[PDB]
Structure formats: structure tokens, C-alpha cells
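Have a look at the structure below, then the notes.
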Amino acid sequence: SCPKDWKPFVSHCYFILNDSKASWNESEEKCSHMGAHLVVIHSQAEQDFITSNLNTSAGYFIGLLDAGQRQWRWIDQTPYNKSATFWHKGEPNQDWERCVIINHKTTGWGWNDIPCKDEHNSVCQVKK
């Protein structure tokens with residue numbers, strides 16, 4: 001059973017941090033205090049569950065970082081597979097920024113790489 005105001009989806013609970021905007025490290029620090037971490041998305045089902053909970057005008061940090069030369073790693077060390085990803089078109093090939101937000105274009109939801117320093121909402125997850 002999920003903590004108060006967390007939303008269940010199968011064996012995880014999710015929390016949308018939209019109280020205010022924070023950098024990646026600050027966002028992750030907020031999740032870790034809750035015993036959680038920035039969200040790790042492994043399937044269409046998770047992506048779909050998460051986006052129906054998001055405001056279409058805002059961007060949300062996820063737990064994905066470029067650990068090298070476009071060598072994407074999830075912060076909980078589970079495998080990254082391009083086949084399982086939701087990059088907006090042209091992402092993440094325009095620049096070398098290391099952090100990643102879910103956001104909405106008129107064309108729909110997806111991911112953009114952005115500076116880790118930039119301040120955004122985010123989504124935490126923890127095992128149910």
C-alpha cells in the first residue's frame with residue numbers, strides 16, 4: 001500500500017513534485033528523503049501511467065543521465081534500451097546535455113535532454 005498522496009501502478013508508487021521547481025540534484029535529494037528516487041521508465045505502460053498524471057504545460061525530471069559519451073544510465077542501475085525509450089524526434093542528438101525531462105509537445109509526450117542545472121518539476125518512484 002502506497003504512502004499518502006503517492007499513486008500506485010503495479011509494484012511501484014509515484015509522486016509528482018510540482019510544489020516548486022528544482023535542479024536535478026535538488027529534485028533527486030527531495031525524492032531520496034522520501035526513501036525514493038527520480039523515476040525510471042522501463043515500459044510503455046509506465047510512460048503512459050506517468051504522463052496521464054502530468055500537467056501538459058510543465059517538464060519533469062526523470063532518473064536518466066548521460067554517464068559518458070551519450071551512454072545513458074538509469075540511476076538505479078537497471079538496463080537502458082533504446083527500443084524502450086520515448087525521446088522526442090531529434091532528441092538527444094542536438095547537444096551534449098546530460099539530464100532528461102518528460103514534456104509535452106503539440107505532437108505529444110516524450111523526453112528531451114536538458115541542462116541538469118535547470119529548474120523543473122519531477123517525478124519520484126519507490127517500490128510498493
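Ligands are numbered from 1 in the order shown, residues from 1 within each chain, and chains are lettered A, B, ... in the order they appear in the C-alpha cells.
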
* To do: Do a neighbour search on residue 127 of chain A at 10 Å with only C-alpha atoms, toss out local chain neighbours closer than 2 positions, and write the hits as a PyMOL selection string.
  => chain A and resi 1-2+8-14+35-36+125

* Asked: Got a sec: who's within 12 Å of residue 91 of chain A, counting only C-alpha atoms, leaving out chain neighbours fewer than 2 positions off, as a list in words?
  ->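 Selected residues are residues 70, 82, 85, 86, 87, 88, 89, 93, 94, 95, 96, 97, 98, 99, 100, 101, 102, 110, 111, 112, 113 and 114 of chain A.
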
Please dump the current selection as a PDB file, in the first residue's frame; keep C-alpha atoms.
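The result, stored in out-v7.pdb:
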ATOM      1  CA  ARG A  70      25.786   9.532 -24.923  1.00  0.00           C
ATOM      2  CA  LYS A  82      16.898   2.461 -26.925  1.00  0.00           C
ATOM      3  CA  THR A  85      12.611   4.866 -24.911  1.00  0.00           C
ATOM      4  CA  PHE A  86      10.387   7.913 -25.649  1.00  0.00           C
ATOM      5  CA  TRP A  87      12.741  10.551 -26.999  1.00  0.00           C
ATOM      6  CA  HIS A  88      11.099  13.401 -28.901  1.00  0.00           C
ATOM      7  CA  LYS A  89      12.293  13.436 -32.519  1.00  0.00           C
ATOM      8  CA  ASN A  93      21.202  14.368 -30.686  1.00  0.00           C
ATOM      9  CA  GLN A  94      21.130  18.198 -30.807  1.00  0.00           C
ATOM     10  CA  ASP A  95      23.622  18.839 -27.978  1.00  0.00           C
ATOM     11  CA  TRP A  96      25.521  17.134 -25.132  1.00  0.00           C
ATOM     12  CA  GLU A  97      23.339  17.996 -22.150  1.00  0.00           C
ATOM     13  CA  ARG A  98      23.255  15.187 -19.596  1.00  0.00           C
ATOM     14  CA  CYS A  99      19.783  15.300 -17.904  1.00  0.00           C
ATOM     15  CA  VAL A 100      16.297  14.383 -19.170  1.00  0.00           C
ATOM     16  CA  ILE A 101      12.737  15.666 -18.780  1.00  0.00           C
ATOM     17  CA  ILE A 102       9.376  14.257 -19.810  1.00  0.00           C
ATOM     18  CA  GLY A 110       8.199  12.381 -24.768  1.00  0.00           C
ATOM     19  CA  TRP A 111      11.712  13.100 -23.470  1.00  0.00           C
ATOM     20  CA  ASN A 112      14.131  15.960 -24.002  1.00  0.00           C
ATOM     21  CA  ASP A 113      17.729  16.195 -22.782  1.00  0.00           C
ATOM     22  CA  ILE A 114      18.393  19.445 -20.920  1.00  0.00           C
TER      23      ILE A 114
END

* Compile the contact shell of residue 78 of chain A as a list in words: residues with an atom at most 12 Å away, counting only C-alpha atoms, same-chain residues fewer than 6 positions apart removed. => residues 39, 40, 41, 42, 63, 64 and 72 of chain A

May I have the residues from that selection written out with N, CA and C atoms, as a compact mmCIF listing (two decimals), in the first residue's frame?
# COMPACT_ATOMS: atom_id res chain seq x y z
N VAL A 39 12.26 9.08 -11.34
CA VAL A 39 11.57 7.91 -11.93
C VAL A 39 12.41 7.22 -13.00
N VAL A 40 12.30 5.90 -13.05
CA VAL A 40 13.00 5.06 -14.00
C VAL A 40 11.90 4.38 -14.85
N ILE A 41 11.87 4.67 -16.14
CA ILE A 41 10.75 4.25 -17.00
C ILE A 41 11.22 3.11 -17.89
N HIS A 42 10.64 1.92 -17.69
CA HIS A 42 11.06 0.74 -18.45
C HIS A 42 10.09 0.23 -19.48
N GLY A 63 14.87 9.93 -13.78
CA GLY A 63 16.14 9.43 -13.27
C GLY A 63 17.08 8.88 -14.32
N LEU A 64 17.26 9.63 -15.40
CA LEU A 64 18.10 9.21 -16.51
C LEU A 64 19.17 10.27 -16.79
N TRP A 72 23.68 6.50 -21.86
CA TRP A 72 22.58 6.71 -20.92
C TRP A 72 22.51 5.68 -19.85

* Could you pull out all residues of segment 4-77 of chain A with a DSSP call of strand (DSSP E) and give them as JSON, numbers by chain? -> {"A": [7, 8, 9, 12, 13, 14, 15, 16, 17, 18, 19, 20, 21, 22, 37, 38, 60, 61, 64, 65, 66, 72, 73, 74]}

Run DSSP on the backbone and grab whatever in segment 2-93 of chain A lands in helix (DSSP H, G or I); send it over as a CSV table (one decimal) with N, CA, C and O atoms, in the first residue's frame.
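Okay, states.csv is ready:
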chain,number,residue,atom,x,y,z
A,24,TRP,N,18.2,19.2,-11.0
A,24,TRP,CA,18.2,17.7,-11.0
A,24,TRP,C,18.6,17.2,-9.6
A,24,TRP,O,18.0,16.2,-9.1
A,25,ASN,N,19.7,17.7,-9.1
A,25,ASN,CA,20.3,17.2,-7.9
A,25,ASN,C,19.4,17.5,-6.7
A,25,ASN,O,19.2,16.7,-5.8
A,26,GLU,N,18.8,18.7,-6.7
A,26,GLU,CA,17.8,19.1,-5.7
A,26,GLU,C,16.6,18.2,-5.8
A,26,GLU,O,16.1,17.7,-4.7
A,27,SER,N,16.1,18.0,-7.0
A,27,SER,CA,14.9,17.1,-7.2
A,27,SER,C,15.2,15.7,-6.6
A,27,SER,O,14.5,15.2,-5.8
A,28,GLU,N,16.4,15.1,-7.0
A,28,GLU,CA,16.8,13.8,-6.5
A,28,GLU,C,16.9,13.8,-5.0
A,28,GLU,O,16.6,12.8,-4.3
A,29,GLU,N,17.4,14.9,-4.4
A,29,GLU,CA,17.6,15.0,-3.0
A,29,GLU,C,16.2,14.9,-2.3
A,29,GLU,O,16.0,14.2,-1.3
A,30,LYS,N,15.2,15.7,-2.8
A,30,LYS,CA,13.8,15.5,-2.4
A,30,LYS,C,13.2,14.1,-2.4
A,30,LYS,O,12.7,13.6,-1.5
A,31,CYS,N,13.4,13.4,-3.6
A,31,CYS,CA,13.0,12.0,-3.7
A,31,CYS,C,13.7,11.1,-2.6
A,31,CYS,O,13.0,10.3,-2.0
A,32,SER,N,15.0,11.3,-2.5
A,32,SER,CA,15.7,10.4,-1.6
A,32,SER,C,15.3,10.6,-0.1
A,32,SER,O,15.3,9.6,0.6
A,33,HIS,N,14.9,11.8,0.3
A,33,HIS,CA,14.4,12.0,1.6
A,33,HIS,C,13.1,11.2,1.9
A,33,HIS,O,12.8,10.8,3.0
A,44,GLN,N,6.2,1.1,-22.0
A,44,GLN,CA,5.1,2.0,-22.5
A,44,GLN,C,4.1,2.2,-21.4
A,44,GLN,O,3.7,3.3,-21.1
A,45,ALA,N,3.7,1.1,-20.7
A,45,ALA,CA,2.7,1.2,-19.6
A,45,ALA,C,3.1,2.2,-18.5
A,45,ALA,O,2.2,3.1,-18.2
A,46,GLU,N,4.3,2.2,-18.0
A,46,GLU,CA,4.8,3.2,-17.1
A,46,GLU,C,4.8,4.6,-17.6
A,46,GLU,O,4.3,5.5,-17.0
A,47,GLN,N,5.3,4.8,-18.8
A,47,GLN,CA,5.3,6.1,-19.5
A,47,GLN,C,3.9,6.6,-19.6
A,47,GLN,O,3.6,7.8,-19.2
A,48,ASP,N,2.9,5.8,-20.0
A,48,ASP,CA,1.5,6.2,-20.2
A,48,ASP,C,0.9,6.5,-18.8
A,48,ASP,O,0.2,7.5,-18.7
A,49,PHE,N,1.2,5.7,-17.8
A,49,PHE,CA,0.7,5.9,-16.5
A,49,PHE,C,1.2,7.2,-15.9
A,49,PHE,O,0.4,8.0,-15.4
A,50,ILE,N,2.5,7.5,-16.1
A,50,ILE,CA,3.1,8.7,-15.6
A,50,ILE,C,2.5,9.9,-16.3
A,50,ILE,O,2.2,10.9,-15.7
A,51,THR,N,2.5,9.9,-17.7
A,51,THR,CA,2.0,11.1,-18.4
A,51,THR,C,0.5,11.5,-18.1
A,51,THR,O,0.2,12.7,-18.1
A,82,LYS,N,17.5,1.5,-26.0
A,82,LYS,CA,16.9,2.5,-26.9
A,82,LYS,C,15.5,2.1,-27.4
A,82,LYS,O,14.6,3.0,-27.4
A,83,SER,N,15.3,0.8,-27.7
A,83,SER,CA,14.0,0.3,-28.0
A,83,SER,C,12.8,0.6,-27.0
A,83,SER,O,11.7,0.7,-27.5
A,84,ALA,N,13.2,0.8,-25.8
A,84,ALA,CA,12.2,1.0,-24.7
A,84,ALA,C,12.0,2.5,-24.4
A,84,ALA,O,11.4,2.9,-23.4

* Structure fact -> Residue with the minimum atom-to-atom distance to residue 55 of chain A, picked from A:6, A:107, A:18, A:124 with only C-alpha atoms counted, is A:18

* **Nearest candidate to residue 115 of chain A (options A:61, A:15, A:75, A:90; using only C-alpha atoms)** => A:61
